[PDB]
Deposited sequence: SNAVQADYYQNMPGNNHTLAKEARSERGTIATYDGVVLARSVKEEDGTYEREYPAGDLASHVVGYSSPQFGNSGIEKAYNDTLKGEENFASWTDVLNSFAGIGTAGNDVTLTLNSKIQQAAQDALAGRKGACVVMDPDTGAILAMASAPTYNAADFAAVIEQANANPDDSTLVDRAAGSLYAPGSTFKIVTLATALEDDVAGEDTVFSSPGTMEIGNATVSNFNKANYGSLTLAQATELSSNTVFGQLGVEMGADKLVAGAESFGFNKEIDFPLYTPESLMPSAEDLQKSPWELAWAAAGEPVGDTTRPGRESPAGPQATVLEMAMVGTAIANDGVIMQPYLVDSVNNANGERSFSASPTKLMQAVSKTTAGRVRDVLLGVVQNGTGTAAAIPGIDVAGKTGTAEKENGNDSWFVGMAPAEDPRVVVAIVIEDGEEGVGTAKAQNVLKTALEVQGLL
């Protein structure tokens, strides 16, 4: 109450939170950037406590004045991510695949950071109001066909199949005594594995899952970070995969997991492992960074530096490897297939004039619609940016269309456009 709490600002210097000395010599917290990165910045209140960065870095911010925290976020990329989600429910994460730095992290619906108290009040009055939910880091989603990046990468790494391997792609087929179906039950005839990735065929990926088997599929997902607790300053639930033991018992569950749908029956007493895959948007961005960065996932980070009131520097982020998902050769082969998705497949809306874009579209099944996903990277040959976006209950392909705008803004900011 008595001393100046430190500021929180973006990497390009937009102040998200600061303390100003009042009339009576007291200090009050100000949030002068409207709804820019609201969920990330969080709030600090003697009534409501803390959340976001205000919570995670409370000790350094509190402090003699407290220390100033500089985030990795770029305000223009952050705004583009928020604009992509405007009027929708969902989330968007933009990362630098070479460092793990988070350039944008947005959730929708959102709110003005300054108005956190009123928003908390509304949440209490209406348990259905989900504005305060951190969807980018804090929520698990079914990734749907975006997860095929993991299945494909695993199949190539383990030599289960190659890009040229041919699979039947019927509209529906029985696997493990129930049905796996292509989107809209489309019959594509025989497809190479590359073509099946371009068209996003569930029946091909289901068969590929059964062929590789539960042990390999689960190990492959774990190589990309599933079932690992990943350290992060904001609450991030562990992304989940079933045990190999559970998937072994149901070829149908295995086939759907390979296609990104978590169909494991968790209503069944006695089930030992979770349904999966279930992932955060951050995790799906990390999957993208593995493909972009020669197979290596860098540790995601949000704080670039901390500086004292003196101006001196007490913390500087050091980009660091988290895990090697696949080999450099495998990553490159997958990246080439994902370029095909955008050039010739379901991802054409992600194309950007003058820069090659590679990525994977996703549809995740819901009762009366779908969640719409895109994970992609640009420039395709040596990416400088990765974007993951989910639009809940979205029109077909909307995730890809919105990702285009976010990627374009990132490339403009970086000078490539």
Gaps relative to the deposited sequence fall at 1 to 22, 86 to 103
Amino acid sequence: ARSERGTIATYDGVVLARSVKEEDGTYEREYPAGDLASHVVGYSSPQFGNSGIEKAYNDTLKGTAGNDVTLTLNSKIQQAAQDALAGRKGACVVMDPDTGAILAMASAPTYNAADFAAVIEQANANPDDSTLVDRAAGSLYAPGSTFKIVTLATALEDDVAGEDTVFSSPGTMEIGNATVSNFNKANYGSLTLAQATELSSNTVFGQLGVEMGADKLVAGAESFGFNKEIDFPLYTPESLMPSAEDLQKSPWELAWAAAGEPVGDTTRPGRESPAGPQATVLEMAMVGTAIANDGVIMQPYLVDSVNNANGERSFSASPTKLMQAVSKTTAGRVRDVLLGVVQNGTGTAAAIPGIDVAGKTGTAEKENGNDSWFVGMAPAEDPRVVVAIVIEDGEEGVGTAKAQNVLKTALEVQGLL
From here on, numbers count along this sequence of modelled residues.
The stretch whose C-alpha atoms carry the larger average B-factor in the entry, 118 to 126 or 334 to 342, is 118 to 126
Which of 6 to 14 and 19 to 27 has higher mean CA B factor, as the PDB entry lists it | 19 to 27
Going by the deposited entry, which of 233, 100, 260, 209 has the highest CA temperature factor?
-> 233
Which listed residue, 156, 186, 325, 81, has the largest C-alpha temperature factor in the record?
-> 186
Assert third(CA B-factor, residue 306) within chain per record equals highest
Comparing residue 111 with the other modelled residues of its chain, is its CA B-factor in the lowest, middle or highest third?
-> middle
Lowest, middle or highest third of the chain for the C-alpha temperature factor of residue 359?
-> lowest
Ordered by C-alpha B-factor within the chain, which third holds residue 348? Give me lowest, middle or highest, please.
-> middle
Please rank the C-alpha B-factors of the chain's modelled residues and tell me whether residue 372 sits in the lowest, middle or highest third.
-> lowest
